[PDB]
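Chains as they are written, first to last, in full-length UniProt numbering: chain A, 1 to 65; chain B, 367 to 625; chain C, 331 to 366.
Please read the structure below before turning to the comments.
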Amino acid sequence: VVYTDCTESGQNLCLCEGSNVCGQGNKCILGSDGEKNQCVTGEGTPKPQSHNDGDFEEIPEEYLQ
Amino acid sequence: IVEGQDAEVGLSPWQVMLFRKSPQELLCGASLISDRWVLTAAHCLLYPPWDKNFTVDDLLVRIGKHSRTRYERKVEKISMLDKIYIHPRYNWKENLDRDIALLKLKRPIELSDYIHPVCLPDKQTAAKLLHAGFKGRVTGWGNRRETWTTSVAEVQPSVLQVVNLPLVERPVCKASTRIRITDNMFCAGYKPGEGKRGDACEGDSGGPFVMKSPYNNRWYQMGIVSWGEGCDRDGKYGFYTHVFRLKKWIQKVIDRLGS
Amino acid sequence: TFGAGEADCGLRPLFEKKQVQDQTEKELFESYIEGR
């Protein structure tokens, strides 16, 4: 999977302490202004995802449904 | 592919696209080996944490595709899958260890200038070929950057892209990340002051990482685009499933009518 | 025994097949010949 920066505190599997994924069983504590991020231990909720794209031309009707 | 370049037509006959059947969106890449088989990276299909488990019923394969978005009526071929094999021991609750899976075409597709199967290494052209410094190849229609920065260089290519990468040495792969590294994965990228650069990215996933042979003249599928600790991140590199190290489980699922 | 291990594996109908090389392809064999 590609791992990226944690946008909310509590978040689980994200790029928390530098470019280092904060694995499961860990919580990314978003440092406030000029304070450092701290992937502390605790259960925490993973980031969102299951993406990529927005304008896919119409494919032959039945394939899809 | 982060800082690659638009691919020529036929540059990658074996580059398939895993298409979530509706929602309209590109889920990943895969390679095409038989003419009725497909090879992708597990997590594209089953990734428990992202509420990911998919069905034959939820995704379409497209082969000999260039445009990311355009439907290419005369060129590409959409195939409905039949089976979905995942690796008996695919470890998402860690490192994405042996993150491989075989798909199966609900028919044998017919090859074209746009469709060709890719090779699976042999102790000859794997042992001779997996020497760090050696440039591999990656193709994909994923992002040209990482957008959780509000991404300029609007990260989606409109055509398939390609970057060639050197193979990096084990020792240096482990020093990159905190994650445990297995045998079942090799990394590949530029040392951090090589000038040249490039990396795979979001949606490039479970896509080809091939190497051509000088000895015979084939394109070989060394690894699968497994995971990233930020695409084209500095002093960071990209992990690839090791195919050779699994060439063997693959075997046992093709036959299987066999044994 | 669906195969997957075809005999005409990774021979590009346009590139190799036609005798024609690919754009960046030298790059890869420039890797192997400066060595490791």
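By construction, the Cβ of each residue, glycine as well, lies at the ideal position given by its N, Cα and C atoms.
Quick check on residue 626 of chain B: buried or exposed, where buried means 16 or more other Cβ atoms within 10 Å of its Cβ?
The displayed coordinates of chain B run from 367 to 625. Any statement about residue 626 of chain B would go beyond what the structure contains.
How long is the line joining the alpha carbons of B:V619 and C:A334, rounded to whole angstroms?
11 Å
B:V591 versus A:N52 - alpha carbon distance:
16 Å
If you drop the 5 nearest sequence neighbours on each side, which residues of the same chain put their C-beta closer than 7 Å to that of B:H482?
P379, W380
If the cut is a Cβ gap below 9 Å, which residues of chain C does B:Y556 touch?
Here the premise fails: no neighbours, minimum Cβ distance about 12 Å.
When burial is assigned at 16 or more other CB atoms within 10 Å of the CB, is C:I363 buried or exposed?
Exposed: under 16 other Cβ atoms inside 10 Å.
Three or more beta-carbon pairs under 8 Å between the stretch 397-409 of chain B and the stretch 564-574 of chain B, yes or no?
Contact between the stretch 397-409 of chain B and the stretch 564-574 of chain B is established, with three or more Cβ pairs separated by less than 8 Å.
Taking the alpha carbon of B:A373 as the reference point, which residue from B:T491, B:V525, B:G561, B:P532 has its own alpha carbon closest?
B:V525
Within 9 Å of any Cβ in chain B, is that where the Cβ of A:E58 sits?
yes
Unbroken beta strand (DSSP E) run spanning B:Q381, endpoints:
381-387
Closest Cβ-Cβ distance between B:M577 and chain C: below 9 Å?
yes
When you compare each of B:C597, B:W585, B:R599 to residue 321 of chain C by their alpha carbons, which one comes out closest?
For residue 321 of chain C there is no data in the structure shown, the boundaries of chain C being 331 and 366.
Among A:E58, A:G54, A:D33, A:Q24, which one has its Cα closest to the Cα of A:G10?
Nearest to A:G10 by alpha-carbon distance, out of A:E58, A:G54, A:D33, A:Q24, is A:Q24.
Residues sharing a beta bridge with A:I29, DSSP:
A:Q38
Whole-number beta carbon distance between B:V528 and B:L377, since they are thought to touch under 8 Å:
The beta-carbon distance between B:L377 and B:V528, rounded to whole angstroms, is 7 Å. This is short enough to meet the 8 Å contact definition.
Around the Cβ of A:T4, are there at least 16 other Cβ atoms within 10 angstroms (buried) or fewer (exposed)?
Under this definition A:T4 is a buried residue.
So with CB distances below 7 Å, who are the chain A contacts of B:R563?
Result: empty, since nearest Cβ-Cβ is about 15 Å, beyond 7 Å.
Nearest to B:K494 by alpha carbon, out of B:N582, B:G604, B:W615?
B:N582
Taking C:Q353 as the query, report the chain B residues whose CB atoms sit under 8 Å from its CB, ordered along the chain.
Those within 8 Å of C:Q353 in chain B are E374, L377.
Same chain, Cβ closer than 6 Å to B:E442, five either side skipped, listed in chain order:
Excluding sequence neighbours, B:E442 sits near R428, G430, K431.
Distance between beta carbons of B:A566 and B:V534, contact taken as under 8 Å:
Wrong, their Cβ atoms sit about 14 Å apart, outside the cutoff.
Taking B:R428 as part of the beta strand (DSSP E), name the residues at either end of that continuous run.
425-429
Out of B:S625, B:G601, B:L393, point me to the one whose CA is closest to B:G506's CA.
B:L393
From what residue to what residue does the alpha helix (DSSP H) around C:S361 run?
355-361
Just confirm the distance between the C-beta atoms of B:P580 and C:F359, as a whole number of angstroms; I'd bet it's less than 8 Å.
6 Å
Assuming B:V609 is part of the alpha helix (DSSP H), what are its boundary residues?
Counting along the chain, B:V609 falls outside any alpha helix (DSSP H), and DSSP gives it neither H nor E.
Look at the Cβ atom of B:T548, then the Cβ atom of B:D463, and state whether they are nearer than 9 Å.
Contact: yes.
Return no unless some Cβ of chain C is closer than 9 Å to the Cβ of B:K501.
yes
Does any C-beta atom of chain B lie closer than 9 Å to the C-beta of A:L30?
no
Less than 7 Å between C-beta atoms, sequence neighbours within five positions excluded: which residues of the same chain meet that for B:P415?
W458
Please list the partners that A:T7 has in chain B, where partner means a Cβ-to-Cβ separation under 7 Å.
Under the 7 Å cutoff, chain B gives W514.
Neighbouring residues, chain A, relative to B:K540 (Cβ below 7 Å)
Per Cβ cutoff of 7 Å: no residues; B:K540 is ~13 Å from chain A at best.
7 Å Cβ shell around B:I399 - same chain, five flanking residues per side excluded:
For B:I399, where only same-chain residues beyond five positions count, the Cβ hits under 7 Å are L405, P483, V484, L486.
Which residues in chain B have a C-beta closer than 7 Å to the C-beta of A:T4? List them in chain order.
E512, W514, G596
Would residue 355 of chain B count as contacting chain C if we go by Cβ distances under 9 Å?
What the structure shows of chain B is the stretch from 367 to 625, and residue 355 of chain B is not part of that stretch, so it cannot be assessed.
Buried or exposed: A:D55, going by 16 or more other Cβ atoms within 10 Å of its Cβ?
exposed
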